[PDB]
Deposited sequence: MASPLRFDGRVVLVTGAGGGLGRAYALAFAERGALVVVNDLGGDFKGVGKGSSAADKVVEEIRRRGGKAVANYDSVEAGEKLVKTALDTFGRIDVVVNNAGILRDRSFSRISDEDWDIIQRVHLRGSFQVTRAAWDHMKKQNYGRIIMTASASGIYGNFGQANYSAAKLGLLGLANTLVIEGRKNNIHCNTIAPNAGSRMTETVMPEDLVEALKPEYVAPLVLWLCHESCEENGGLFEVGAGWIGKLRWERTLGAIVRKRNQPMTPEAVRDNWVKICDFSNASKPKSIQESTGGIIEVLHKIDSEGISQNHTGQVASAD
């Protein structure tokens, strides 16, 4: 069956252009009731709404800053009586070599990207819980996953978003609230990522807590792997940095690495290590 969002209210932030607008247009065309938001920095959002209405879809605009998150969800509620999907897309760039990053260059990036997504997602959270339905998208970036010269501020905010999502996955799974994160990328058409966002935000999708790099027509998934590592301490004998150095190769050897999935498992391993030594 073709992917429809009929009756689903979808809030997209920073949807005045690029990726956002492309999601706004992709969603509405499949029956979604879209709340198009964009700080317009008011004509930015209005233009996309128009495109949607003209296309035979339904939508309304919101002109507030994601910093004013509560307001973006209010527009979804006051206009459609609910909120099902939140795509956190709003973002800006303030690239500088690390030493030249001013306090403001840092703060503004955290405010729009991270604090913005926290405010908006927090405003919709209880509504999603009470109704037992929610699909959330966080927009990370390769610069966050890998790092990238001149983007210390941006890379920290993007991975911070992943951290936020990891927890939301835990707190929301019981109420059918899914949260996934993407790292998207002239020829790199925004319509090449939109389909992944639509799938990840569909009611038939069961993916929760995934991290995805998207671009050019390709999609890949990322996860952590951890080395079996080494116990470099013996009971009654103080642990030394020399033991760490002398076991460095083993500690860093990824052969048969585990694929850790929760904090419990990690904590459980540490407690078992303590028991083996004792």
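- According to the record, C-alpha coordinates are lacking for deposited residues 1-2, 44-51, 196-210, 304-319.
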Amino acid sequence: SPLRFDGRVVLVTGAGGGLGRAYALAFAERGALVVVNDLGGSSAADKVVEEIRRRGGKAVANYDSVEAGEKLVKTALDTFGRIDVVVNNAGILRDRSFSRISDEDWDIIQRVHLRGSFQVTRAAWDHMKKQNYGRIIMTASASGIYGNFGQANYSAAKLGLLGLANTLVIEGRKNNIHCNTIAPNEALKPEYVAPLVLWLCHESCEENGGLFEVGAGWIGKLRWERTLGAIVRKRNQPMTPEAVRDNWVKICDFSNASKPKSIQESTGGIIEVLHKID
From here on, numbers count along this sequence of modelled residues.
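- The stretch 17-25 shows the higher mean C-alpha B-factor when 262-270 is compared against 17-25 in the entry.
- Taking the PDB entry as given, 79-87 carries the higher mean Cα B factor of the two stretches 153-161 and 79-87.
- Sorting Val244, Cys252, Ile231, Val66 by the CA temperature factor given in the entry leaves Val66 at the top.
- Of all the options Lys71, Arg135, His113, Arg173, the entry's greatest CA B-factor is assigned to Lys71.
- Ranked by C-alpha B-factor against the other modelled residues of its chain, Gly144 falls in the lowest third.
- Ranked by C-alpha B-factor against the other modelled residues of its chain, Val197 falls in the lowest third.
- When the CA B factors of the chain's modelled residues are split into thirds, the value for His178 lands in the lowest one.
- Placement of the Cα temperature factor of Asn185 within the chain: highest third of the modelled residues, per the deposited record.
- Residue-level temperature factors show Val60 in the highest third of its chain, judged at the C-alpha atom.
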